[PDB]
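Taking it in order: structure first as structure tokens, then the write-up.
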Amino acid sequence: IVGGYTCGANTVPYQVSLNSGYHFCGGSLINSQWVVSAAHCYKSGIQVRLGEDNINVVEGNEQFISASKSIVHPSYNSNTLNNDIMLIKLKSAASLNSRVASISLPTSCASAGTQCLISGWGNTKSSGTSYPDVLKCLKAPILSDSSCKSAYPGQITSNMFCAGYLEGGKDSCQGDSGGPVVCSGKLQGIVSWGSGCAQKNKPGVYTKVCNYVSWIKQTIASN
Ligand SMILES: [NH3+][C@H]1C[C@@H]1c1ccccc1
Ligand SMILES: [Ca+2]
């Protein structure tokens, strides 16, 4: 996250870190046994790390649970990033409390102008690199559809939204991939892609989760 603030330990209780020997993607806990992330985060051998603030220090609220199954969306296209969403089932159910909690799925899509919280452990610089060890937060609005398609001509599908600032300086960034965009207590977006980070007129692009709610529900009811 570029131009954000330190969230505070366990203040984003649904945030997960996907680990394959190192943090490589964020994700969101949607119930005690399922995590949703970005399909471009797919990897074999994922351990899900819950209750994290400092991902390099065991601080006492962590739950490390290995993945038993991963399901990439059936129409994921890695060239266009259309339908960049994946579900991960945990080998055992997470123990839920004030610091480890699931986030609600939306019943309605969020409108442009809605303020949202984006969070993750990714790069905090738009120019060069510096990775935080503690969780970073960013409040950003959902941008209008037409400003989103104007910033990314011929690249925005109906399964994407832009969120952020056309002026730049505040954005999600590499390593924030798969992480949550929560608006009014509901998961609305997944950190998906963008042109660099925090660049002028190149806002972050997010997977529009409200389009996938029935595939998610159907899939966890059957797996
Ligand atoms: N414009 C930056 C939000 C987009 C981003 C870049 C790389 C990884 C995740 C998100
Ligand atoms: Ca830790």
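The sequence shown begins at 7 in mature numbering (1 follows the signal peptide of the UniProt record, and there is no 0) and counts up by one. The C-beta atom is built at its ideal place from N, Cα and C for all residues, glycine as well.
>> For the alpha helix (DSSP H) containing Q224, name the first residue and the last one.
In response: Residue 224 sits at position 218 when you count from the first residue of the sequence shown. Run containing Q224: 219-227, per the alpha helix (DSSP H) assignment.
> Near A15, what residues of its chain come up, given a Cβ to Cβ distance below 6 Å and the 5 sequence neighbours on each side ignored?
Replying inline: Counting from one through the sequence shown, the residue named residue 15 turns up at place 9. Within the same chain, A15 has close Cβ partners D59.
> Cβ of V215 within 7 Å of any heavy atom in ligand 1?
Replying inline: Here the question's residue 215 lines up with position 209 in the sequence shown. It does not: the Cβ of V215 is nowhere closer than 7 Å to a heavy atom of ligand 1.
> Taking three-plus beta-carbon pairs below 8 Å as touching, is the segment 34-44 in contact with the segment 90-99?
Replying inline: yes
> With 16 other CB atoms within 10 Å as the buried threshold, where does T12 fall?
Replying inline: By 1-based counting over the sequence shown, the position of residue 12 is 6. So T12 counts as exposed.
> Among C143, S72, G185, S104, which one has its Cα closest to the Cα of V8?
Replying inline: As a first step, residue 8 is located in the sequence shown; it is residue number 2 there, counting from the start. If we check each option's Cα against that of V8, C143 comes out closest.
> What are the boundary residues of the alpha helix (DSSP H) that includes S81?
Replying inline: Counted from its first residue, the sequence shown places residue 81 at position 75. Here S81 belongs to no alpha helix (DSSP H), and DSSP marks it neither H nor E.
> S156 lies in the alpha helix (DSSP H); which residues open and close that run?
Replying inline: Here residue 156 is taken as the residue at index 150 of the sequence shown, counted from 1. Start and end: 151-157.
>> Any heavy atom of ligand 2 closer than 7 Å to the beta-carbon of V63?
In response: Here residue 63 corresponds to residue number 57 of the sequence shown, with the count starting at 1. True, at least one ligand heavy atom lies under 7 Å from that Cβ.
>> ligand 1 and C13: does the residue's C-beta get closer than 7 Å to at least one heavy atom of that ligand?
In response: Here residue 13 is taken as the residue at index 7 of the sequence shown, counted from 1. It does not: the Cβ of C13 is nowhere closer than 7 Å to a heavy atom of ligand 1.
> Does the Cβ-Cβ distance between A100 and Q53 come in under 8 Å?
Replying inline: Residue numbering aside, residue 100 sits at position 94 when the sequence shown is read from its first letter. Residue numbering aside, residue 53 sits at position 47 when the sequence shown is read from its first letter. Going by C-beta atoms, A100 is not nearer than 8 Å to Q53.
> Beta-carbon separation of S125 and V18 under 8 Å?
Replying inline: Taking the sequence shown and counting its residues from 1, the one referred to as residue 125 is at position 119. Taking the sequence shown and counting its residues from 1, the one referred to as residue 18 is at position 12. Yes.
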